[PDB]
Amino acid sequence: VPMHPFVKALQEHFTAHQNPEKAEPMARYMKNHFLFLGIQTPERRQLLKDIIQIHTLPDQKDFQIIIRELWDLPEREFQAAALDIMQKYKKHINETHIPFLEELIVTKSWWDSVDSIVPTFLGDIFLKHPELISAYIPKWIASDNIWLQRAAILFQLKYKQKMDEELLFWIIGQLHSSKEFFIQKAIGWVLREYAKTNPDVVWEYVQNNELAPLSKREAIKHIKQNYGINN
């Protein structure tokens, strides 16, 4: 079965505009986990737009197929493009897609893909269907996969006044002992972000509960100005 023609067209068009000179530092920035073509976001977005203009966006029946096929290509720009395409199908994504999104999180995993899946796509789903959180979050925390653990921490990132504080702090308590940078930093980020909505609750939490030094320092990067640094 041939590659979907839309994916083949995107592959051809991106490859024709590759930049091996830029690809080297781009690959180093992601710790050489991926090959890169060397195409930065503004041009990558335009090249995708070119292909949509010529071919049209595929029928929604092929949405998941297109994403998978791009996910399977070696160069990282294809995963970035896949996420751009998934946004174009946003109004068609619902709670039945949680396993599909899980599988994206745990394949070709790094912060650049996971952070573009979790607080947006998964965040929106669990905001509408909070009763499903307990069908996934406990498994994610218990798993050996750090990207699922990060997903558990960051899916509420943008919730603001809709943050479930008890849940957030429970999740952080489960993961506070992790020695993994991407977990410590995710804890820092979600606390720093939530502190923009409720600084008193974040300050009290970090002063009275154990956290890795990195997590605490990142959490209070801004709000330490509001409370002061005691001698």
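All residue numbers are counted from 1 along the displayed sequence. Rigid core here is just the name for the largest C-alpha set that superposes within 1.5 Å across the two forms.
RMS Cα deviation from the shown model in 8 other deposited structures of this protein, rigid core fit, is larger for 218-226 than for the other stretch of the pair 7-15 / 218-226. A summary of the deposited B-factors shows that, of 157-165 and 131-139, the stretch with the larger mean C-alpha value is 157-165. Higher average CA B factor: 53-61, of the stretches 53-61 and 22-30. Looking at the C-alpha B-factors along this chain, the one for residue 112 belongs to the middle third. Sorting the modelled residues of the chain by their CA temperature factor places residue 184 in the lowest third. Annotation for residue 206: C-alpha temperature factor in the middle third relative to the rest of the modelled chain, per the entry. Split the chain's modelled residues into thirds by C-alpha temperature factor. Residue 68 is in the middle one. The deposited CA B-factor of residue 79 belongs to the lowest third of values across its chain.
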